[PDB]
Structures are given as structure tokens and as C-alpha cells.
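File shown here: coords-v3.cif, holding mmCIF, C-alpha atoms.
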```cif
data_final
loop_
_atom_site.label_atom_id
_atom_site.label_comp_id
_atom_site.auth_asym_id
_atom_site.auth_seq_id
_atom_site.Cartn_x
_atom_site.Cartn_y
_atom_site.Cartn_z
CA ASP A 1 100.29 102.23 91.10
CA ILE A 2 97.28 103.69 92.87
CA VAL A 3 97.14 107.45 93.49
CA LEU A 4 95.25 108.52 96.61
CA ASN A 5 94.54 111.96 98.06
CA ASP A 6 96.62 113.14 101.03
CA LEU A 7 94.64 114.27 104.08
CA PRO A 8 94.24 118.07 103.94
CA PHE A 9 94.66 118.66 107.70
CA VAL A 10 97.26 117.34 110.11
CA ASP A 11 97.99 117.70 113.83
CA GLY A 12 101.66 118.42 113.23
CA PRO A 13 103.92 119.95 110.62
CA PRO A 14 102.20 119.81 107.22
CA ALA A 15 103.57 118.39 103.97
CA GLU A 16 102.56 119.56 100.49
CA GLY A 17 98.82 120.09 100.08
CA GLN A 18 98.29 120.05 103.85
CA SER A 19 97.55 122.59 106.55
CA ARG A 20 98.09 122.32 110.28
CA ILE A 21 94.85 121.99 112.24
CA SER A 22 94.07 124.95 114.51
CA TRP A 23 92.82 123.72 117.87
CA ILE A 24 90.67 125.95 120.07
CA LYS A 25 92.92 128.26 122.10
CA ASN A 26 92.40 129.89 125.48
CA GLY A 27 91.92 133.64 124.99
CA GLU A 28 90.29 133.51 121.55
CA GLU A 29 86.61 134.40 121.19
CA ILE A 30 84.41 131.30 121.54
CA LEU A 31 81.93 131.45 118.65
CA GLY A 32 79.63 129.34 116.47
CA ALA A 33 77.92 129.90 113.11
CA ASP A 34 75.55 132.73 112.14
CA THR A 35 73.49 130.80 109.55
CA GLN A 36 71.56 127.53 109.75
CA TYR A 37 74.10 125.58 107.67
CA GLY A 38 77.34 127.58 108.08
CA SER A 39 80.32 126.01 109.82
CA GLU A 40 82.16 129.14 110.96
CA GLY A 41 83.24 129.91 114.52
CA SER A 42 86.04 128.69 116.76
CA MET A 43 83.80 126.08 118.44
CA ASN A 44 83.38 124.32 115.07
CA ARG A 45 86.83 124.94 113.63
CA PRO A 46 88.91 121.83 114.37
CA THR A 47 85.87 119.57 113.88
CA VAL A 48 85.37 121.04 110.38
CA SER A 49 88.98 120.19 109.56
CA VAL A 50 88.57 116.62 110.83
CA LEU A 51 85.46 116.32 108.63
CA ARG A 52 87.47 117.54 105.61
CA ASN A 53 89.79 114.62 106.32
CA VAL A 54 86.88 112.20 106.62
CA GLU A 55 85.53 113.29 103.22
CA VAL A 56 88.93 112.60 101.65
CA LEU A 57 89.15 109.16 103.31
CA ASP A 58 85.72 108.36 101.85
CA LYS A 59 86.99 109.30 98.39
CA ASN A 60 90.17 107.24 98.84
CA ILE A 61 88.13 104.20 99.84
CA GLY A 62 86.16 104.71 96.61
CA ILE A 63 89.38 104.75 94.56
CA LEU A 64 90.44 101.46 96.16
CA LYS A 65 86.97 99.99 95.58
CA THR A 66 87.11 100.73 91.84
CA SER A 67 90.57 99.19 91.51
CA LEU A 68 89.54 96.12 93.54
CA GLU A 69 86.38 95.65 91.43
CA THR A 70 88.61 95.60 88.33
CA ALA A 71 90.93 93.09 90.01
CA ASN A 72 87.95 90.91 90.90
CA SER A 73 86.68 91.00 87.30
CA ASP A 74 90.18 90.25 85.94
CA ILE A 75 90.47 87.28 88.31
CA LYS A 76 87.05 85.95 87.24
CA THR A 77 88.13 86.20 83.58
CA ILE A 78 91.30 84.20 84.32
CA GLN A 79 89.27 81.60 86.26
CA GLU A 80 86.95 81.22 83.24
CA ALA A 81 89.71 81.11 80.63
CA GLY A 82 89.97 77.31 80.59
CA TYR A 83 93.75 77.31 80.94
CA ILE A 84 95.20 73.79 80.83
CA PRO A 85 97.01 72.25 83.80
CA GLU A 86 100.29 70.35 83.58
CA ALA A 87 100.48 66.83 82.11
CA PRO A 88 101.93 63.93 84.12
CA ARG A 89 105.70 64.09 84.61
CA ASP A 90 106.46 60.42 83.94
CA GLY A 91 108.88 60.36 80.99
CA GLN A 92 106.01 59.94 78.51
CA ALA A 93 104.65 62.33 75.87
CA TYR A 94 101.06 63.60 76.05
CA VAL A 95 98.60 65.14 73.61
CA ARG A 96 95.34 66.97 74.34
CA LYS A 97 91.96 65.29 73.77
CA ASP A 98 88.49 65.89 75.25
CA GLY A 99 89.84 68.17 77.98
CA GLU A 100 92.43 65.65 79.18
CA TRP A 101 96.01 64.59 78.62
CA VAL A 102 96.30 61.33 76.66
CA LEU A 103 99.44 59.33 75.87
CA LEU A 104 100.88 60.03 72.43
CA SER A 105 101.86 56.34 72.26
CA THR A 106 98.20 55.27 72.02
CA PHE A 107 98.09 56.91 68.55
CA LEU A 108 101.42 55.63 67.15
CA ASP B 1 95.44 87.62 105.83
CA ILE B 2 95.68 91.39 106.14
CA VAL B 3 96.40 92.92 109.55
CA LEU B 4 94.89 96.36 110.14
CA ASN B 5 95.05 98.70 113.13
CA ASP B 6 92.02 98.89 115.44
CA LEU B 7 90.63 102.38 116.04
CA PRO B 8 92.12 103.75 119.29
CA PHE B 9 88.94 105.52 120.49
CA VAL B 10 85.37 104.27 120.68
CA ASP B 11 82.02 105.69 121.79
CA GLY B 12 81.20 102.64 123.87
CA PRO B 13 82.94 99.92 125.84
CA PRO B 14 86.51 99.53 124.56
CA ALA B 15 88.24 96.33 123.42
CA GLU B 16 91.98 95.71 123.61
CA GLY B 17 94.09 98.66 122.49
CA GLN B 18 91.10 101.02 122.73
CA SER B 19 89.93 103.75 125.07
CA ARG B 20 86.45 105.15 125.53
CA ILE B 21 86.06 108.67 124.15
CA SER B 22 85.40 111.33 126.79
CA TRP B 23 82.69 113.70 125.61
CA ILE B 24 82.45 117.22 127.02
CA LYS B 25 80.50 117.13 130.29
CA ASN B 26 78.36 119.76 131.99
CA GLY B 27 80.17 121.00 135.11
CA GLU B 28 83.73 120.52 133.87
CA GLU B 29 85.89 123.55 133.11
CA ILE B 30 85.54 124.60 129.45
CA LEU B 31 89.10 125.16 128.19
CA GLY B 32 91.26 125.28 125.06
CA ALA B 33 95.00 125.10 124.43
CA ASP B 34 97.73 127.34 125.87
CA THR B 35 100.20 127.11 122.95
CA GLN B 36 99.81 127.80 119.24
CA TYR B 37 99.87 124.11 118.25
CA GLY B 38 98.79 122.30 121.44
CA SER B 39 95.55 120.33 121.48
CA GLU B 40 94.79 120.35 125.20
CA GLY B 41 91.56 121.54 126.80
CA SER B 42 88.08 120.06 127.15
CA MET B 43 86.78 121.96 124.09
CA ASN B 44 89.26 120.06 121.90
CA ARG B 45 89.21 116.72 123.69
CA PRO B 46 86.72 114.51 121.84
CA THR B 47 87.72 116.04 118.49
CA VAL B 48 91.36 115.08 119.15
CA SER B 49 90.26 111.49 119.76
CA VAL B 50 88.23 111.43 116.54
CA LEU B 51 91.32 112.72 114.70
CA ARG B 52 93.41 109.91 116.24
CA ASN B 53 90.90 107.54 114.66
CA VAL B 54 91.11 109.33 111.31
CA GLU B 55 94.92 109.00 111.30
CA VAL B 56 94.59 105.24 111.87
CA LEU B 57 92.00 104.91 109.08
CA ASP B 58 94.44 106.68 106.75
CA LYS B 59 97.14 104.17 107.67
CA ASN B 60 94.76 101.23 107.18
CA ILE B 61 93.81 102.49 103.73
CA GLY B 62 97.55 102.57 102.95
CA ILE B 63 97.93 98.94 104.05
CA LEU B 64 95.09 97.93 101.73
CA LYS B 65 96.59 100.00 98.90
CA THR B 66 99.93 98.18 99.14
CA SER B 67 98.26 94.77 99.13
CA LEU B 68 96.00 95.74 96.20
CA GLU B 69 98.99 97.06 94.20
CA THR B 70 100.65 93.67 94.68
CA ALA B 71 97.44 91.92 93.59
CA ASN B 72 97.27 94.13 90.51
CA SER B 73 100.89 93.34 89.59
CA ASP B 74 100.32 89.60 90.19
CA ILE B 75 97.24 89.70 87.93
CA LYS B 76 99.19 91.52 85.19
CA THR B 77 101.91 88.85 85.38
CA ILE B 78 99.31 86.08 84.98
CA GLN B 79 97.70 87.95 82.05
CA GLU B 80 101.13 88.16 80.36
CA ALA B 81 102.14 84.56 81.06
CA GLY B 82 100.86 83.21 77.73
CA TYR B 83 98.96 80.34 79.34
CA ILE B 84 97.33 78.08 76.75
CA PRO B 85 93.54 77.69 76.49
CA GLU B 86 91.74 74.38 76.10
CA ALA B 87 91.80 72.43 72.82
CA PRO B 88 88.55 71.44 71.05
CA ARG B 89 86.59 68.69 72.82
CA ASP B 90 85.68 66.66 69.73
CA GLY B 91 87.14 63.18 70.29
CA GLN B 92 90.32 64.10 68.41
CA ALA B 93 93.90 64.54 69.66
CA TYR B 94 95.67 67.90 69.35
CA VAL B 95 99.28 69.09 69.41
CA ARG B 96 100.61 72.63 69.81
CA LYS B 97 102.00 74.57 66.83
CA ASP B 98 102.41 78.30 66.13
CA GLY B 99 100.23 79.28 69.10
CA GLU B 100 97.32 77.07 68.05
CA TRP B 101 95.95 73.58 68.49
CA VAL B 102 96.46 71.39 65.42
CA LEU B 103 95.16 67.87 64.81
CA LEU B 104 97.69 65.14 65.59
CA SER B 105 96.25 63.18 62.64
CA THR B 106 97.67 65.69 60.14
CA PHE B 107 101.18 64.48 61.12
CA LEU B 108 100.55 60.70 61.15
CA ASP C 1 80.38 94.78 92.57
CA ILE C 2 81.21 95.86 96.11
CA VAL C 3 78.50 97.48 98.22
CA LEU C 4 79.72 100.01 100.79
CA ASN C 5 77.85 102.11 103.34
CA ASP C 6 77.24 105.79 102.57
CA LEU C 7 78.42 108.25 105.22
CA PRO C 8 75.47 109.11 107.49
CA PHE C 9 76.36 112.82 107.93
CA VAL C 10 77.32 115.42 105.36
CA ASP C 11 78.25 119.12 105.41
CA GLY C 12 75.87 119.94 102.59
CA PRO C 13 72.59 118.75 101.11
CA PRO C 14 72.04 115.10 102.06
CA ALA C 15 71.27 112.18 99.74
CA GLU C 16 69.32 109.08 100.75
CA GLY C 17 70.31 107.67 104.14
CA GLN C 18 72.12 110.90 105.06
CA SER C 19 71.50 113.85 107.34
CA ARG C 20 73.02 117.30 107.23
CA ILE C 21 75.47 117.95 110.07
CA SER C 22 74.35 120.62 112.54
CA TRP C 23 77.26 122.89 113.41
CA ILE C 24 77.27 124.85 116.66
CA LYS C 25 75.29 128.07 116.21
CA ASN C 26 75.59 131.44 117.91
CA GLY C 27 72.57 131.95 120.18
CA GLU C 28 71.96 128.30 121.05
CA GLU C 29 72.65 127.07 124.58
CA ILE C 30 76.23 125.77 124.91
CA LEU C 31 75.97 122.42 126.72
CA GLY C 32 77.74 119.11 127.30
CA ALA C 33 76.63 115.71 128.60
CA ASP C 34 74.96 114.92 131.93
CA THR C 35 76.32 111.36 132.37
CA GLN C 36 79.85 109.97 132.35
CA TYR C 37 79.50 108.32 128.92
CA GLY C 38 76.68 110.30 127.25
CA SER C 39 77.40 112.35 124.14
CA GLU C 40 74.56 114.89 124.33
CA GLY C 41 74.95 118.66 124.28
CA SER C 42 75.67 121.21 121.56
CA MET C 43 79.42 121.25 122.34
CA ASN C 44 79.63 117.56 121.36
CA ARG C 45 77.07 117.54 118.57
CA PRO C 46 78.99 117.95 115.30
CA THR C 47 81.90 115.87 116.66
CA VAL C 48 79.50 113.00 117.38
CA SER C 49 78.31 113.14 113.77
CA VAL C 50 81.88 113.11 112.46
CA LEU C 51 82.54 110.05 114.66
CA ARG C 52 79.46 108.33 113.19
CA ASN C 53 81.11 108.84 109.81
CA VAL C 54 84.43 107.48 111.08
CA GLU C 55 82.72 104.31 112.34
CA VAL C 56 81.18 103.76 108.89
CA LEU C 57 84.55 104.32 107.16
CA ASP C 58 86.06 101.68 109.46
CA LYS C 59 83.33 99.23 108.43
CA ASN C 60 83.82 100.04 104.73
CA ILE C 61 87.56 99.40 105.03
CA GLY C 62 86.65 96.01 106.54
CA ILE C 63 84.41 95.20 103.57
CA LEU C 64 87.27 96.00 101.18
CA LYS C 65 89.68 93.95 103.30
CA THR C 66 87.49 90.84 103.08
CA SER C 67 87.13 91.19 99.30
CA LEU C 68 90.88 91.78 98.87
CA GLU C 69 91.73 88.74 101.03
CA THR C 70 89.54 86.65 98.72
CA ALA C 71 91.28 88.15 95.68
CA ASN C 72 94.67 87.36 97.20
CA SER C 73 93.65 83.75 97.86
CA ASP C 74 92.21 83.41 94.33
CA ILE C 75 95.46 84.76 92.86
CA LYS C 76 97.53 82.32 94.95
CA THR C 77 95.37 79.44 93.69
CA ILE C 78 95.94 80.52 90.06
CA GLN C 79 99.70 80.86 90.70
CA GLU C 80 99.74 77.29 92.09
CA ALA C 81 97.58 75.77 89.35
CA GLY C 82 100.53 74.71 87.17
CA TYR C 83 99.06 76.21 84.01
CA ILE C 84 101.24 75.54 80.97
CA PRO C 85 102.94 78.34 79.02
CA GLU C 86 102.99 78.61 75.23
CA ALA C 87 105.14 76.31 73.08
CA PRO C 88 107.69 77.73 70.62
CA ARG C 89 106.16 79.41 67.56
CA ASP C 90 108.52 77.96 64.95
CA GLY C 91 106.33 76.05 62.48
CA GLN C 92 106.87 72.78 64.38
CA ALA C 93 104.43 70.67 66.42
CA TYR C 94 105.00 70.08 70.14
CA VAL C 95 103.79 67.55 72.70
CA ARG C 96 104.00 67.72 76.50
CA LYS C 97 106.57 65.65 78.43
CA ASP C 98 108.16 66.05 81.88
CA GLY C 99 106.88 69.62 82.25
CA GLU C 100 108.30 70.78 78.92
CA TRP C 101 107.41 71.09 75.26
CA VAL C 102 109.11 68.45 73.09
CA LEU C 103 109.06 68.15 69.31
CA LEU C 104 106.47 65.71 67.99
CA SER C 105 108.96 64.78 65.24
CA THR C 106 111.27 63.09 67.77
CA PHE C 107 108.56 60.41 68.25
CA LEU C 108 107.61 59.81 64.59
#
```
Step by step, read the file and then write its structure as C-alpha cells.
Amino acid sequence: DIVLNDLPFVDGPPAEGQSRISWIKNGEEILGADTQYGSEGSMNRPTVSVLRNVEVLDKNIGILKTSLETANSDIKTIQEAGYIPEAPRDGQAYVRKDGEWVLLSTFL
Amino acid sequence: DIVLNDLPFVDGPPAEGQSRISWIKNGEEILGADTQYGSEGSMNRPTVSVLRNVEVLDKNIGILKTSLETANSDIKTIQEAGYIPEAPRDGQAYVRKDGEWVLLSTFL
Amino acid sequence: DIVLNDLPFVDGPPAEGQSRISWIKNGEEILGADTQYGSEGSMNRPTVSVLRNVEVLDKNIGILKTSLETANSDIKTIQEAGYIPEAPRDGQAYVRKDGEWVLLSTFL
């Protein structure tokens, strides 16, 4: 069975591998980042955690995609296998000739 | 066909089961939460809605995973079924013996 | 193979079709939107980008869903095809009659 990543942040009690998101609180210092690409500061904090979740969802979609591509290829192989369908169910015996079922009695 | 959950929040006119996200507006009071795990306050508001969407995406990925696991098991069953491939198409009749196609004429 | 959309915003160096998310920075003017449904303003900015990503994930899940629905239908068709399983492997020849394998020798 398919193993996916759990979301790293939750708005509620966390399970293994998870942390509880920290929403912006009244009373805490309201801050942003001090570099051009940093993500620190309370104003960014919960949004960063939501993005961490989004990155994991993207990876999980990729895991499903790979498995589905394999399923699609496996299906195509089965479709191309040339498996033979049932013969008539009419109390008569059949043999295989030129991609069809032919009565055994025509040869006896 | 597979039934997934619609995203509960949209940045545009909503359809059934959806609400329009409320971005932070100039003039409104800029607030956070008053408890350690609450998510209230304008500073959190749109981020909370985006997280609601993320939670639904996670569930939808799970629905696809379950369906794909069933597909994978169904494919494995077909692969293990021992279905028989076509016989030669050469104007001759064939019968089945020891997992192969053998000429009927060898028995007559 | 299945073609999905790349996420438009990343917290790191972008690849083709991507932009680097701009987190809220100390020193920049802290602003929201000036209309009831606009998303402008630094306070909304990274959250908007995360939502853009969420919208793309939703679309990608839909692409997988369509492909998986086709796989499921293709599997059902194979299951309903009436393909014939192997005959006994016992050194004897078999012919097909009434949905079963019957010994050729019973007809000779």
C-alpha cells in the first residue's frame, strides 16, 4: 500500500511527526523578516507553517502520480496481451484457429 | 466516479459549499488570538481559510490513495489470473496442453 | 505520462514558471486591501501566494482523478471481458466447452 507523508502542521492536537500551528497572538511583538528571503517574524509565522503543509501535499501528489503512471502502464500491457475471450457456451467443444473459436467437430 | 470535497474558501465568487476569503483590509482593527491555541483575529483570518483548504486537499489525496490502492490490487489479481494468450494465426487448429498451444493435428 | 502543474510560488530559489515568495519584511509599510474583495497589501501578500499554490494543487488532484477514473473503467472492462484461465498442466490436451476445459480424449 502507498505510503504518504503526514502534514507537519495542524490546527489542533498533533500526532506523531506533527506540530501544532502557532497563530498570531495579541500581546506578542508583531514582526517580519530581517533579510530579503528570510521568513522569520510573527507576521509570517502561521503562513510559513501552512506553506510547509502545501510542500508536503505537492510531494504526496507526486507519489500518487508515480503509482498511477505504473498502473496505467500495467493496464496498457494487459490490454495488449491478446488474452482470449470465452468460447460459446452451447454444449459443443471448441478449438482455437486464426484468432477465433472453431468447432472441434469440423475436424473429426 | 470519484467524489472529492470542494475547497471551502475561494478568492473569487463562491459556488455551493464555498465562501469567499476575506483578506485583511485597511481600516479594520489589526488583531490576533486571545488564547494559546485560538485562531481568531484579522491577522490570522485569511491564513486560517487557506489552512481549511489545505486540510480538504489532504483528505482528497486520501480518497484518491484508497481508490488507487484498490486499482493496484485489482491489477495484481489480473496479472496473477493466468489468462491465456492467443494461439498462432496460421490456418491450423490448436488445443491447450501443459500451458502451451499444441496442434490439434498431432492427436488425430 | 501524466503532466501536472508546477507550484507557482516557492520559499527558495525558483525554477521555470515559479517565483520566490516574498515574506513580510521589517521596515516595509504594513498594509491591507482597499476594496471589499481585493487581496493587495503586505499583510496579505505571502498568504495570497500560498493560496495560488493551493489552487494549483486542487487542479493537479483533478488531473489525477480523471486519469484514475479512466484506469478504474479500464480495469472494470478487463474484469468483464471473460478472459479464459489456464487449463490443467497434466500432460493432457484440453478443448473449451460450456465455460470449462474438457479433455480432448473424451471426443476421440
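Those residues of chain C that fall within 6 Å of chain A when using all atoms listed in the file read residues 23, 24, 25, 26, 82, 83, 84, 95, 96, 97 and 98 of chain C.
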Could you do a least-squares fit of chain A on chain B over every C-alpha atom, in sequence order, and give the output as a compact mmCIF listing (two decimals) with C-alpha atoms, in the frame of the given file?
```txt
# COMPACT_ATOMS: atom_id res chain seq x y z
CA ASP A 1 95.44 87.62 105.83
CA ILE A 2 95.68 91.38 106.13
CA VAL A 3 96.40 92.92 109.55
CA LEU A 4 94.89 96.36 110.14
CA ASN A 5 95.05 98.69 113.14
CA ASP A 6 92.02 98.89 115.44
CA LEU A 7 90.63 102.38 116.04
CA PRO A 8 92.12 103.75 119.29
CA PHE A 9 88.94 105.51 120.48
CA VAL A 10 85.37 104.26 120.68
CA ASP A 11 82.02 105.69 121.78
CA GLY A 12 81.20 102.64 123.87
CA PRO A 13 82.94 99.93 125.84
CA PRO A 14 86.51 99.53 124.56
CA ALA A 15 88.24 96.34 123.42
CA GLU A 16 91.99 95.71 123.61
CA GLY A 17 94.09 98.67 122.50
CA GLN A 18 91.10 101.02 122.73
CA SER A 19 89.93 103.75 125.07
CA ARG A 20 86.45 105.15 125.53
CA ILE A 21 86.06 108.67 124.15
CA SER A 22 85.40 111.33 126.80
CA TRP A 23 82.69 113.70 125.61
CA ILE A 24 82.44 117.22 127.02
CA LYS A 25 80.49 117.13 130.29
CA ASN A 26 78.36 119.76 131.99
CA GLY A 27 80.17 121.00 135.11
CA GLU A 28 83.74 120.51 133.87
CA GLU A 29 85.89 123.56 133.11
CA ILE A 30 85.54 124.60 129.46
CA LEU A 31 89.10 125.16 128.19
CA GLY A 32 91.25 125.28 125.06
CA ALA A 33 95.01 125.10 124.42
CA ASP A 34 97.73 127.34 125.87
CA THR A 35 100.19 127.11 122.95
CA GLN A 36 99.81 127.80 119.23
CA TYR A 37 99.88 124.11 118.25
CA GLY A 38 98.79 122.30 121.44
CA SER A 39 95.55 120.33 121.48
CA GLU A 40 94.79 120.35 125.21
CA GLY A 41 91.56 121.53 126.81
CA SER A 42 88.08 120.07 127.15
CA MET A 43 86.78 121.96 124.09
CA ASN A 44 89.26 120.06 121.90
CA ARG A 45 89.22 116.72 123.69
CA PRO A 46 86.72 114.50 121.84
CA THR A 47 87.71 116.04 118.48
CA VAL A 48 91.36 115.08 119.15
CA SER A 49 90.26 111.50 119.76
CA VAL A 50 88.22 111.43 116.54
CA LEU A 51 91.32 112.72 114.70
CA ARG A 52 93.41 109.91 116.24
CA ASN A 53 90.90 107.54 114.65
CA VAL A 54 91.12 109.33 111.31
CA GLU A 55 94.92 109.00 111.29
CA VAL A 56 94.59 105.25 111.87
CA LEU A 57 92.00 104.91 109.07
CA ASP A 58 94.44 106.69 106.75
CA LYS A 59 97.13 104.17 107.67
CA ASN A 60 94.75 101.23 107.18
CA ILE A 61 93.81 102.49 103.73
CA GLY A 62 97.55 102.57 102.96
CA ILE A 63 97.93 98.93 104.05
CA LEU A 64 95.08 97.93 101.73
CA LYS A 65 96.58 100.00 98.90
CA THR A 66 99.93 98.18 99.14
CA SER A 67 98.26 94.77 99.13
CA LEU A 68 96.00 95.74 96.20
CA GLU A 69 98.98 97.07 94.20
CA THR A 70 100.65 93.66 94.68
CA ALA A 71 97.45 91.92 93.59
CA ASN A 72 97.27 94.13 90.51
CA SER A 73 100.89 93.34 89.60
CA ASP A 74 100.32 89.60 90.19
CA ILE A 75 97.25 89.70 87.94
CA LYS A 76 99.19 91.52 85.19
CA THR A 77 101.91 88.85 85.38
CA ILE A 78 99.31 86.08 84.98
CA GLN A 79 97.70 87.95 82.05
CA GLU A 80 101.13 88.16 80.36
CA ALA A 81 102.14 84.56 81.06
CA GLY A 82 100.86 83.21 77.73
CA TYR A 83 98.96 80.34 79.34
CA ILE A 84 97.32 78.08 76.75
CA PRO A 85 93.55 77.69 76.49
CA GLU A 86 91.74 74.37 76.10
CA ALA A 87 91.80 72.43 72.81
CA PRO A 88 88.56 71.44 71.05
CA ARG A 89 86.59 68.70 72.82
CA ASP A 90 85.68 66.66 69.73
CA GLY A 91 87.14 63.18 70.29
CA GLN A 92 90.32 64.10 68.41
CA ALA A 93 93.90 64.54 69.66
CA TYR A 94 95.67 67.90 69.35
CA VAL A 95 99.27 69.09 69.41
CA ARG A 96 100.61 72.63 69.81
CA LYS A 97 102.00 74.57 66.83
CA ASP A 98 102.41 78.30 66.13
CA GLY A 99 100.24 79.29 69.10
CA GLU A 100 97.33 77.07 68.05
CA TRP A 101 95.95 73.59 68.50
CA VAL A 102 96.46 71.39 65.42
CA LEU A 103 95.16 67.86 64.81
CA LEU A 104 97.69 65.14 65.59
CA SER A 105 96.25 63.18 62.64
CA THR A 106 97.67 65.69 60.14
CA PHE A 107 101.18 64.48 61.12
CA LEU A 108 100.55 60.70 61.15
```
(request) One decimal, Å: what's the distance from CA of residue 60 (chain C) over to CA of residue 5 (chain C), could you say? (result)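 Separation between CA of residue 60 (chain C) and CA of residue 5 (chain C): 6.5 Å.
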(message) Between CA of residue 19 (chain C) and CA of residue 59 (chain A), what distance in Å does the model show, to one decimal?
(response)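 Going from CA of residue 19 (chain C) over to CA of residue 59 (chain A) covers 18.5 Å.
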(request) Just give me the gap between CA of residue 4 (chain C) and CA of residue 63 (chain C) in Å, one decimal is fine. (result)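 Distance reported for this atom pair: 7.3 Å.
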Residues near residue 10 (chain C), cut-off 7 Å, all atoms listed in the file, skip fewer than 6 positions along chain, as a tab-separated table (two decimals) with C-alpha atoms, in the frame of the given file:
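As a result, selection-v9.tsv now contains:
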```tsv
chain	number	residue	atom	x	y	z
C	18	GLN	CA	72.12	110.90	105.06
C	19	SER	CA	71.50	113.85	107.34
C	20	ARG	CA	73.02	117.30	107.23
C	21	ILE	CA	75.47	117.95	110.07
```
May I ask you to restore N, CA and C atoms in region 47-71 of chain A and write the result as a PDB file, in the frame of the given file?
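The result, stored in result_4.pdb:
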```
ATOM      1  N   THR A  47      86.785 120.623 114.322  1.00  0.00           N
ATOM      2  CA  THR A  47      85.870 119.570 113.880  1.00  0.00           C
ATOM      3  C   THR A  47      85.618 119.635 112.369  1.00  0.00           C
ATOM      4  N   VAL A  48      85.491 120.845 111.827  1.00  0.00           N
ATOM      5  CA  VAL A  48      85.370 121.040 110.380  1.00  0.00           C
ATOM      6  C   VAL A  48      86.578 120.442 109.666  1.00  0.00           C
ATOM      7  N   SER A  49      87.772 120.724 110.169  1.00  0.00           N
ATOM      8  CA  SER A  49      88.980 120.190 109.560  1.00  0.00           C
ATOM      9  C   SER A  49      89.039 118.654 109.611  1.00  0.00           C
ATOM     10  N   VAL A  50      88.623 118.070 110.731  1.00  0.00           N
ATOM     11  CA  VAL A  50      88.570 116.620 110.830  1.00  0.00           C
ATOM     12  C   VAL A  50      87.558 116.070 109.811  1.00  0.00           C
ATOM     13  N   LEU A  51      86.420 116.745 109.640  1.00  0.00           N
ATOM     14  CA  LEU A  51      85.460 116.320 108.630  1.00  0.00           C
ATOM     15  C   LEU A  51      86.036 116.414 107.211  1.00  0.00           C
ATOM     16  N   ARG A  52      86.800 117.463 106.913  1.00  0.00           N
ATOM     17  CA  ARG A  52      87.470 117.540 105.610  1.00  0.00           C
ATOM     18  C   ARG A  52      88.316 116.287 105.378  1.00  0.00           C
ATOM     19  N   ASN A  53      89.015 115.848 106.417  1.00  0.00           N
ATOM     20  CA  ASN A  53      89.790 114.620 106.320  1.00  0.00           C
ATOM     21  C   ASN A  53      88.923 113.397 106.067  1.00  0.00           C
ATOM     22  N   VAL A  54      87.814 113.304 106.791  1.00  0.00           N
ATOM     23  CA  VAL A  54      86.880 112.200 106.620  1.00  0.00           C
ATOM     24  C   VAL A  54      86.336 112.114 105.193  1.00  0.00           C
ATOM     25  N   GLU A  55      86.007 113.261 104.601  1.00  0.00           N
ATOM     26  CA  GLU A  55      85.530 113.290 103.220  1.00  0.00           C
ATOM     27  C   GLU A  55      86.579 112.750 102.254  1.00  0.00           C
ATOM     28  N   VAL A  56      87.839 113.100 102.479  1.00  0.00           N
ATOM     29  CA  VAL A  56      88.930 112.600 101.650  1.00  0.00           C
ATOM     30  C   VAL A  56      89.156 111.091 101.840  1.00  0.00           C
ATOM     31  N   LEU A  57      89.061 110.606 103.073  1.00  0.00           N
ATOM     32  CA  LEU A  57      89.150 109.160 103.310  1.00  0.00           C
ATOM     33  C   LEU A  57      88.057 108.404 102.560  1.00  0.00           C
ATOM     34  N   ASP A  58      86.841 108.944 102.582  1.00  0.00           N
ATOM     35  CA  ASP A  58      85.720 108.360 101.850  1.00  0.00           C
ATOM     36  C   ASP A  58      86.040 108.262 100.359  1.00  0.00           C
ATOM     37  N   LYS A  59      86.593 109.326  99.794  1.00  0.00           N
ATOM     38  CA  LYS A  59      86.990 109.300  98.390  1.00  0.00           C
ATOM     39  C   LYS A  59      88.091 108.284  98.111  1.00  0.00           C
ATOM     40  N   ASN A  60      89.075 108.213  99.001  1.00  0.00           N
ATOM     41  CA  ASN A  60      90.170 107.240  98.840  1.00  0.00           C
ATOM     42  C   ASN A  60      89.686 105.792  98.887  1.00  0.00           C
ATOM     43  N   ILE A  61      88.748 105.511  99.784  1.00  0.00           N
ATOM     44  CA  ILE A  61      88.130 104.200  99.840  1.00  0.00           C
ATOM     45  C   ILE A  61      87.438 103.885  98.513  1.00  0.00           C
ATOM     46  N   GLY A  62      86.789 104.880  97.913  1.00  0.00           N
ATOM     47  CA  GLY A  62      86.160 104.710  96.610  1.00  0.00           C
ATOM     48  C   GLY A  62      87.162 104.391  95.501  1.00  0.00           C
ATOM     49  N   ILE A  63      88.331 105.021  95.543  1.00  0.00           N
ATOM     50  CA  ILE A  63      89.380 104.750  94.560  1.00  0.00           C
ATOM     51  C   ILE A  63      89.855 103.300  94.694  1.00  0.00           C
ATOM     52  N   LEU A  64      90.060 102.854  95.928  1.00  0.00           N
ATOM     53  CA  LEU A  64      90.440 101.460  96.160  1.00  0.00           C
ATOM     54  C   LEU A  64      89.351 100.490  95.705  1.00  0.00           C
ATOM     55  N   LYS A  65      88.098 100.833  95.979  1.00  0.00           N
ATOM     56  CA  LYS A  65      86.970  99.990  95.580  1.00  0.00           C
ATOM     57  C   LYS A  65      86.949  99.769  94.066  1.00  0.00           C
ATOM     58  N   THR A  66      87.120 100.835  93.296  1.00  0.00           N
ATOM     59  CA  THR A  66      87.110 100.730  91.840  1.00  0.00           C
ATOM     60  C   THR A  66      88.240  99.828  91.347  1.00  0.00           C
ATOM     61  N   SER A  67      89.435 100.011  91.895  1.00  0.00           N
ATOM     62  CA  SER A  67      90.570  99.190  91.510  1.00  0.00           C
ATOM     63  C   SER A  67      90.348  97.719  91.890  1.00  0.00           C
ATOM     64  N   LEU A  68      89.803  97.480  93.076  1.00  0.00           N
ATOM     65  CA  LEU A  68      89.540  96.120  93.540  1.00  0.00           C
ATOM     66  C   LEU A  68      88.435  95.445  92.705  1.00  0.00           C
ATOM     67  N   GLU A  69      87.409  96.195  92.313  1.00  0.00           N
ATOM     68  CA  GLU A  69      86.380  95.650  91.430  1.00  0.00           C
ATOM     69  C   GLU A  69      86.972  95.204  90.087  1.00  0.00           C
ATOM     70  N   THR A  70      87.903  95.983  89.555  1.00  0.00           N
ATOM     71  CA  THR A  70      88.610  95.600  88.330  1.00  0.00           C
ATOM     72  C   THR A  70      89.464  94.355  88.558  1.00  0.00           C
ATOM     73  N   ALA A  71      90.151  94.278  89.692  1.00  0.00           N
ATOM     74  CA  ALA A  71      90.930  93.090  90.010  1.00  0.00           C
ATOM     75  C   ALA A  71      90.028  91.864  90.087  1.00  0.00           C
TER      76      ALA A  71
END
```
